[PDB]
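Scroll down for the structure; my scribbles are underneath it.
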There are 2 protein chains.
Amino acid sequence: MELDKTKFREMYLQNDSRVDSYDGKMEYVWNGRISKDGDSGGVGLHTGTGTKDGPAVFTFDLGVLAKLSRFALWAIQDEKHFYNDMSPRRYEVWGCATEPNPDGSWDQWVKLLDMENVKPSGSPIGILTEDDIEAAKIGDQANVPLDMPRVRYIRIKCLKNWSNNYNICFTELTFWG
Amino acid sequence: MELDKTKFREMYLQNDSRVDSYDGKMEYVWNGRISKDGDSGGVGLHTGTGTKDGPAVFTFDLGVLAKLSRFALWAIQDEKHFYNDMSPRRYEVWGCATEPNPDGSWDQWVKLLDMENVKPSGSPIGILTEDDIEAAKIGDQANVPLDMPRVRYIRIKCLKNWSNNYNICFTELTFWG
Ligand SMILES: [Ca+2]
Ligand SMILES: [Ca+2]
C-alpha cells in the first residue's frame, strides 16, 4: 500500500537544515500535490541557496512502523527546477525504528537508498528534451531492498543538487510498504 | 503522569502562524528546558513582530490519546520577556481526538482552557517585583476540567500578548494526564 501521508509528521533534530525558504514547509512534500512555482496550497520545501558546511539533512516520522517497498520523489514541476536550481541530484534516504535521538547523530540510522536523479538526455543544465520532462513528471523511483529493517522515522540527506551545492528543494515524496 | 514529550510532533495546518522567528522552532517548547535568551539548545518559539489579521494559532500532536489533567506554560525566562515582549497574556488551549483537517478550520476542535497570565503586582510594563518574578519561574498552571474529552492534537491561540498584539513567544509547555 501507499503509506497514509495524513499520519506523516515533521521532526527537527539538532543540526538539521531548515526547509522553510521561499515560503516552503516540510508538510508540503506529503500533501499529495505534485506542484510547480505559482501553484496554491504550498509548493514544496526549500533549504535556500546559502552555503552550507555539508549536505542538507532533514527528518520526519512516517507515523507507522512499516516494511518499506518503494520510494518516489518529484522535483518542483517547471523548467526552473527540472535538473536545475536546488533540485536534488545525489541524495540518500535513511531510516530507523525507534525514537530518533534529538542530538541528530547518525548512529542509530540505517541507509535505505542511494538515489541519483539521472537526466535521460544528459544535456547541459538548462536544456531539456521531451524524455527529460517525461522522466521528471514520473519522479525518481526506487524499490527498497527486502533485507532492510522495518522503519518508522526517515532522514533525507542531499549530497549534491543540480547547482553543485548542498541545498535541496522539491515538491512531493511518496512511500509504499 | 507527565506526557512523554519525546512523542510530541509539530503540525502545520493552513493559515497557522509560523513560529520560527529569532531562530525559534516549535520543538523547542517541548525540549524539557525552561530557557532564557542566550541559552544553548533552542530557546523557544516565536511568531515575530509583524502585524497579524487575528490571534496567532499553531498546532501540534501529543503522540498519544490522553485524558488531560494539567497544563503549564513558561515565558522566556528573562526580564525582557516577563509580562513583556510577545509573551502571551490571554490565550487558549484547544484539542481534538482525530486527525486534524489540513484546512485549519476550527470546526472539529474543542476549547480545553481559557488562560490568562496574571502579573501579581499589577505594575506597569517594564516594572517587576519579586512576586512577579517568582510567578514567572513557576509558569502559568491550570487543571483541565474532568468533563473535557480525551485529546491527541492541540492548538494554542494567542488572543493578546503583553505588547497588546496577536504574536506569541515562549520557552516551554507541559501536559499531564
Ligand atoms: Ca507536495
Ligand atoms: Ca523549551
Side-chain angles (χ1 to χ4, degrees), chain A residues 2-3 5 8 16-60 68-95 106 109-145 148 154-177:
Chain A
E2 181 172 320
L3 300 190
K5 288 173 174 177
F8 286 14
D16 284 352
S17 298
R18 289 184 189 265
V19 301
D20 296 346
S21 293
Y22 298 95
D23 293 325
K25 198 73 181 63
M26 197 182 298
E27 291 82 353
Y28 298 160
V29 304
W30 59 76
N31 68 1
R33 293 195 281 272
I34 293 169
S35 310
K36 63 185 185 296
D37 281 349
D39 286 351
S40 67
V43 167
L45 72 73
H46 200 312
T47 62
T49 58
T51 308
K52 297 188 162 297
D53 306 319
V57 171
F58 65 88
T59 310
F60 59 102
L68 294 180
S69 58
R70 299 195 81 257
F71 173 79
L73 181 147
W74 291 260
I76 294 166
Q77 296 281 116
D78 49 36
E79 288 185 349
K80 174 172 181 171
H81 300 91
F82 288 149
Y83 320 94
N84 213 326
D85 198 82
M86 314 303 123
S87 300
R89 180 173 181 182
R90 288 270 341 81
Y91 61 100
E92 296 172 342
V93 186
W94 293 66
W106 289 95
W109 295 85
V110 172
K111 184 175 58 175
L112 299 168
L113 292 166
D114 292 301
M115 299 293 300
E116 177 179 1
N117 175 239
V118 174
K119 188 181 193 178
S121 69
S123 296
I125 299 161
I127 296 178
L128 297 169
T129 69
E130 288 158 66
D131 287 348
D132 291 336
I133 294 168
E134 180 199 61
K137 303 175 162 171
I138 296 165
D140 289 327
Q141 293 290 323
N143 293 323
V144 179
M148 290 298 313
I154 298 293
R155 284 180 131 182
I156 286 173
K157 177 180 188 186
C158 191
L159 303 173
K160 210 42 78 70
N161 63 32
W162 277 99
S163 297
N164 201 33
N165 69 63
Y166 291 125
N167 289 111
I168 185 172
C169 64
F170 67 105
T171 187
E172 191 71 9
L173 46 71
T174 304
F175 294 80
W176 294 254

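All values below come from the heavy atoms of this structure, side chains included, with hydrogens, waters and symmetry mates left out. We name chains A, B, ... by the order of the sequence lines, and we start the count at 1 in each one.
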A/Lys157 NZ to A/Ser17 OG distance, which is reported to the nearest 0.5 Å: 11.0 Å
For A/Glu172, give me all partners under side-chain hydrogen bond (donor to acceptor under 3.5 Å, both in side chains), at least two apart in sequence or on another chain. A/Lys5
How many angstroms lie between CG in A/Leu173 and CD1 in A/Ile34, if you round to the nearest 0.5 Å? 10.0 Å
Contacts of A/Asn143 meeting side chain to side chain contact (heavy atoms under 4.5 Å, CB included) (sequence neighbours excluded), chain-then-number -> A/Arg70
Calculate, to the nearest 0.5 Å, the distance between atoms CD and OG1 belonging to A/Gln141 and A/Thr174 respectively. 8.5 Å
Ring pair (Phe, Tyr, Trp, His ring centres under 6.0 Å) partners of A/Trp74, counting only residues at least two apart: none
Is there side-chain contact between A/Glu116 and A/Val118, with at least one heavy-atom pair below 4.5 Å? yes
My understanding is that only residues two or more places apart in sequence, or in another chain, count here; which of them pass side chain to side chain contact (heavy atoms under 4.5 Å, CB included) with A/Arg155? A/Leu13, A/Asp16, A/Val57, A/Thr59, A/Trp94, A/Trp106, A/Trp109
Run the side chain to side chain contact (heavy atoms under 4.5 Å, CB included) test against A/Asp78 and tell me which residues pass, sequence neighbours left out. A/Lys36, A/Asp37, A/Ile76, A/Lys80, A/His81
Holding to ring pair (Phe, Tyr, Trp, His ring centres under 6.0 Å), I want the full list of residues that pass it with A/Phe71, two or more places apart in sequence or in another chain. A/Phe175
Cut-off 3.5 Å, no hydrogens considered: what does the side-chain donor-acceptor table look like for residues 123-132 of chain A, sequence neighbours left out?
from: A/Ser123; atom 1: OG; to: A/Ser121; atom 2: OG; distance (Å): 2.7
from: A/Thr129; atom 1: OG1; to: A/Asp131; atom 2: N; distance (Å): 3.4
from: A/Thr129; atom 1: OG1; to: A/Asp132; atom 2: N; distance (Å): 3.2
from: A/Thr129; atom 1: OG1; to: A/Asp132; atom 2: OD2; distance (Å): 3.2
from: A/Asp132; atom 1: OD1; to: A/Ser121; atom 2: N; distance (Å): 2.8
from: A/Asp132; atom 1: OD1; to: A/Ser121; atom 2: OG; distance (Å): 3.1
from: A/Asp132; atom 1: OD2; to: A/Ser121; atom 2: OG; distance (Å): 2.6
from: A/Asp132; atom 1: OD2; to: A/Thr129; atom 2: N; distance (Å): 3.0

Shortest non-hydrogen contact from A/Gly42 to A/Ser35? O-OG, 4.1 Å
Please walk me through it: do A/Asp140 and A/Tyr91 pass side-chain contact (heavy atoms from CB on, under 4.5 Å)? CA-CA 11 Å; A/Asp140 289 327; A/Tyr91 61 100; 2.7 Å; yes
In this structure, are over 12 heavy atoms from other groups packed under 6.0 Å from A/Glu79 atom CD? no
Stepwise side-chain contact (heavy atoms from CB on, under 4.5 Å) test for A/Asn117 and A/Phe170: CA-CA 12 Å; A/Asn117 175 239; A/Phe170 67 105; over 6 Å; no
Contact between A/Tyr166 and A/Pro55 at the side-chain level, heavy atoms closer than 4.5 Å - yes or no? yes
Note, A/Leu113 side chain near A/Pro145 side chain (heavy atom, < 4.5 Å): yes
Applying salt bridge (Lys or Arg N to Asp or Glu O under 4.0 Å), name anything that partners A/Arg33, two or more places apart in sequence or on another chain. none
When the ring planes of A/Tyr83 and A/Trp162 are compared, do they come out parallel, tilted or perpendicular, using 30° and 60° as the limits? perpendicular
Residues forming a salt bridge (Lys or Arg N to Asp or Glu O under 4.0 Å) with A/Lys25, sequence neighbours excluded: A/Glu27, B/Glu10
The criterion is ring pair (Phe, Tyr, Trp, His ring centres under 6.0 Å); which residues satisfy it with A/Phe58, sequence neighbours excluded? none
Sequence neighbours excluded, which residues qualify as side-chain hydrogen bond (donor to acceptor under 3.5 Å, both in side chains) partners of A/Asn164? A/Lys160
Quick one: pull up OG1 in A/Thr171 and OH in A/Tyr28 and give me the separation to the nearest 0.5 Å. 11.5 Å
Taking every heavy atom of A/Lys137 against every heavy atom of A/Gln77, the minimum-distance pair comes out as CA-NE2, 3.6 Å
Carefully, step by step, assess A/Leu3 and A/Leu68 under the rule side-chain contact (heavy atoms from CB on, under 4.5 Å). CA-CA 9 Å; A/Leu3 300 190; A/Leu68 294 180; 3.9 Å; yes
Of all heavy-atom pairs linking A/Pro88 and A/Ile168, the shortest is CB-CD1, 3.8 Å
So, taking the atom named CZ in A/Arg89 and the one named CG in A/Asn165, what distance separates them when rounded to the nearest 0.5 Å? 12.5 Å
Step by step, would you call A/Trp176 with A/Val144 a side-chain contact (heavy atoms from CB on, under 4.5 Å)? CA-CA 9 Å; A/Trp176 294 254; A/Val144 179; over 6 Å; no
By the side chain to side chain donor-acceptor pair (under 3.5 Å) test, which pairs, at least two apart or in different chains, include something from residues 42-51 of chain A? A/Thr47-A/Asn167
